[PDB]
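Take a look at the structure set out below.
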Ligand SMILES: NCCCC(=O)Nc1ccc(OCc2ccccc2)cc1
Ligand SMILES: [Yb+3]
Ligand SMILES: [Zn+2]
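Residue numbers (PDB author numbering): 1 to 610.
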């Protein structure tokens with residue numbers, strides 16, 4: 001009707017709108033707090049606007065300055081993962097389009113769900129601490145007060161004081177560094193973002209950061225120790241950027257920097273404008289996990305330019321991005337590779353539907369997050385059910401060239417806007433008006449609103465998948481007399497991508513007999529492989545098949561890195577295996593204070609502790 005964001009307690013975009021944020025703050029590593037001022041330019045959309053509501057979580061409100069003086073504010077009671085509402089009394093009754101600056105001084109709790117503060121022990125260099133944010137989905141409200149909904153877009157400017165030996169970086173173009181006036185011993189790093197973004201894309205890192213040039217508009221940022229390994233790993237970036245512009249239109253953000261974060265960073269990447277954050281688990285040393293870079297580049301259009309209006313429509317962000325990602329890798333390595341990766345995607349979707357259950361609400365494409373913590377709903381479903389829909393539609397409407405024309409125009413039309421599934425679908429019909437009859441063969445109700453597997457499977461080239469299936473199946477159906485025929489030559493012609501897919505297929509049918517999984521380690525030596533995607537699935541397969549020797553390997557992987565994609569299922573498998581159950585829980589209890597806060601709360605929920 002007139003859409004409301006159910007994950008926000010803030011006044012909606014239909015009442016007022018944040019157009020800009022000015023951010024002055026200092027990063028205190030001893031108190032583990034961000035202190036400062038957050039000045040919001042807000043614009044009324046109705047007449048007689050006498051007060052507005054902002055989202056907060058564990059925020060200490062020092063003062064709220066409007067037009068020079070101090071004003072009357074009022075924090076409501078805590079509302080769970082959502083935090084507490086901050087209703088602000090305005091001294092002037094605002095009328096249509098009239099703007100106002102609400103300057104709000106503030107401190108962040110040390111247990112901010114947006115932030116992980118690391119000690120020197122937890123870093124590579126061992127001598128300096130570190131900070132990083134991760135605002136998506138609704139954690140920006142835990143760094144500063146805001147309409148913490150992606151239905152609102154705002155430019156922002158920032159100045160941030162940090163210990164003089166550490167570097168700050170933000171999701172913005174760097175606007176110079178200068179010694180701090182108020183107290184030496186600290187620099188003040190300055191930042192500006194002229195493209196209006198949703199607040200989930202505001203982002204901050206602070207640490208012993210060096211850089212390295214790997215393309216005309218790209219430096220990799222990490223700690224001394226990883227900088228070199230990473231320059232090698234993400235060399236393909238500029239070439240990916242070029243393809244992405246041919247598919248998406250002009251890359252408008254100015255810079256595309258990459259930041260390789262500490263092992264505890266909870267996702268494969270986060271698409272922070274001008275500075276993409278990635279897991280060091282990408283550092284396989286052969287560029288084989290560069291699809292993740294492809295994916296983050298693509299968010300510079302689908303996500304960051306065209307944005308889900310609410311998190312219910314999150315598939316728009318991820319479905320499109322995965323579609324662009326797979327085009328990028330297709331251009332670089334061939335159409336048969338794009339189909340290989342698309343089919344694996346369907347396989348991940350099958351695992352998601354089986355894990356949640358086929359009638360589960362989070363297997364729907366468009367969801368309802370009323371009273372659900374977004375972090376708990378998060379999964380592969382919006383990624384792979386979304387991709388599957390786009391892929392099916394590509395095939396139905398006359399193929400990738402024709403569908404990529406829809407894509408670029410879709411991006412062009414909704415650029416700098418926040419939109420829903422209906423905006424997307426209404427534009428699909430508009431663009432493809434000469435094929436409306438074809439569009440009406442789509443079971444829109446099933447695809448969009450029904451749980452489980454999609455009602456139709458797309459068509460996939462098999463070239464590269466067949467070798468994975470033959471071998472997965474040989475193992476799944478092996479008896480005693482087959483075990484001596486397996487041999488390291490079985491892998492002679494398989495890429496790392498195919499080893500991974502082979503293990504993914506085998507894992508779908510776990511458990512295998514213990515003797516079989518031992519034999520697999522003997523002929524193939526998967527223990528020696530450091531590729532995190534491969535090691536992950538191999539250790540799942542081992543634990544789920546009751547192999548005790550895999551226990552210390554799986555505990556090591558689950559705690560020495562904390563990308564949730566790997567950490568969560570390794571903990572869960574370890575907990576379901578009777579031999580490792582107690583050690584899994586104890587390991588969790590002993591690590592949970594030095595863990596990222598969203599990851600710690602999720603692993604705790606998975607392990608049914610507290
Ligand atoms: N996009 C970069 C990776 C981080 C990320 O996407 N985080 C994130 C996204 C959505 C979310 O919650 C909303 C949701 C979950 C599942 C389905 C639909 C919406 C929570 C975290
Ligand atoms: Yb046999
Ligand atoms: Zn994404």
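Think of the CB as a built atom: it goes at the ideal place given N, C-alpha and C, for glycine as much as any other residue.
Considering only C-alpha positions, which residue in the set the options is nearest to residue i?
i           : options               : result
residue 33  : 143, 316, 565 and 240 : 143
residue 597 : 2, 446 and 110        : 110
residue 346 : 311, 369 and 383      : 383
residue 462 : 486, 204, 454 and 498 : 498
residue 71  : 86, 158, 81 and 426   : 86
residue 203 : 447, 174 and 210      : 174
residue 235 : 164, 190, 289 and 266 : 289
residue 117 : 458, 517, 40 and 205  : 205
residue 82  : 75, 56 and 125        : 56
residue 434 : 488, 421, 43 and 397  : 397
residue 446 : 374, 344 and 366      : 366
residue 78  : 132, 134, 129 and 141 : 141
residue 136 : 125, 126, 130 and 149 : 149
residue 9   : 418, 459 and 370      : 370
residue 451 : 403, 489, 507 and 368 : 368
Quick check on the DSSP output: the beta strand (DSSP E) that includes residue i runs from which residue to which?
i           : result
residue 356 : Premise fails: residue 356 lies in the alpha helix (DSSP H), 335-356, not in any beta strand (DSSP E).
residue 191 : 186-197
residue 445 : Run containing residue 445: none in the beta strand (DSSP E); it sits in the alpha helix (DSSP H), 444-449.
residue 212 : 210-215
residue 73  : 73-75
residue 43  : 33-44
residue 257 : 257-260
Look at the alpha carbon of residue i and the alpha carbon of residue j, and state the distance between them as a whole number of angstroms.
i           : j           : result
residue 534 : residue 293 : 18 Å
residue 358 : residue 542 : 26 Å
residue 160 : residue 178 : 11 Å
residue 438 : residue 431 : 13 Å
residue 295 : residue 322 : 6 Å
residue 213 : residue 11  : 43 Å
residue 217 : residue 238 : 8 Å
residue 554 : residue 526 : 13 Å
residue 591 : residue 340 : 38 Å
residue 194 : residue 119 : 34 Å
residue 65  : residue 54  : 15 Å
residue 197 : residue 152 : 8 Å
residue 614 : residue 381 : Outside the shown range of the chain (1 to 610) lies residue 614, about which nothing can therefore be said.
residue 578 : residue 569 : 16 Å
residue 567 : residue 537 : 12 Å
residue 546 : residue 540 : 10 Å
residue 257 : residue 172 : 10 Å
residue 606 : residue 191 : 39 Å
residue 423 : residue 1   : 13 Å
residue 444 : residue 113 : 37 Å
residue 100 : residue 40  : 8 Å
residue 169 : residue 320 : 28 Å
residue 24  : residue 361 : 41 Å
residue 449 : residue 128 : 49 Å
residue 689 : residue 522 : No answer is possible for residue 689: it lies beyond the span of the chain, which begins at 1 and ends at 610.
residue 487 : residue 270 : 40 Å
residue 326 : residue 548 : 38 Å
residue 241 : residue 215 : 10 Å
residue 96  : residue 416 : 22 Å
Which stretch, first to last residue, makes up the alpha helix (DSSP H) that contains residue i?
i           : result
residue 565 : 564-576
residue 413 : 400-414
residue 132 : Here residue 132 belongs to no alpha helix (DSSP H); instead the beta strand (DSSP E) covers 130-133.
residue 242 : 237-248
residue 386 : 381-396
residue 292 : 291-299
residue 159 : Looking at the DSSP string, residue 159 is not in any alpha helix (DSSP H); the run it does join, the beta strand (DSSP E), is 154-163.
residue 592 : Run containing residue 592: none; DSSP gives neither H nor E here.
residue 466 : 466-476
Query raised in the report: Looking at C-beta atoms only, is the number of pairs between the stretch 219-233 and the stretch 295-307 that lie closer than 8 Å three or more?
Result: Because the criterion of three Cβ pairs below 8 Å is not met, the stretch 219-233 and the stretch 295-307 do not touch.
Requested in this report: Count the CB pairs spanning the stretch 43-52 and the stretch 80-98 that are closer than 8 Å, and state whether there are at least three.
Outcome: With the cut-off at 8 Å, the stretch 43-52 and the stretch 80-98 touch.
**Report entry** Meets three-Cβ-pair contact criterion under 8 Å: the stretch 404-416 and the stretch 234-254
**Finding:** Because the criterion of three Cβ pairs below 8 Å is met, the stretch 404-416 and the stretch 234-254 touch.
Query raised in the report: Is the stretch 60-67 touching the stretch 97-111, taking contact as three or more C-beta pairs under 8 Å?
Result: Flag = yes, the stretch 60-67 and the stretch 97-111 touch.
Query raised in the report: Is the stretch 328-338 touching the stretch 259-279 in the sense that three or more CB pairs, one from each, lie closer than 8 Å?
Result: Short answer: they don't touch.
**Report entry** Sequence-ordered residues whose beta carbon comes within less than 5 Å of a heavy atom of ligand 1
**Finding:** Around ligand 1, the residues selected by a Cβ distance under 5 Å to any of its heavy atoms are 136, 137, 267, 270, 311, 314, 367, 374, 377, 378 and 382, following chain order.
Query - Any residue whose CB is nearer than 7 Å to a heavy atom belonging to ligand 2, listed in chain order - result: Every residue passing the under-7 Å Cβ criterion appears here: 479, 481 and 482.
Query raised in the report: Near ligand 3, which residues have their beta-carbon less than 6 Å from any of its heavy atoms, given in chain order?
Result: Cβ-based neighbours of ligand 3 within the cut-off: 295, 299, 318 and 321.
Query raised in the report: Per the contact definition of three or more C-beta pairs closer than 8 Å, is the stretch 264-275 in contact with the stretch 476-495?
Result: Touching, no, given that fewer than three Cβ pairs across the two stretches are closer than 8 Å.
Query raised in the report: Pairing CB atoms from the stretch 556-565 with CB atoms from the stretch 254-269, are three or more of them under 8 Å?
Result: The stretch 556-565 vs the stretch 254-269: in contact.
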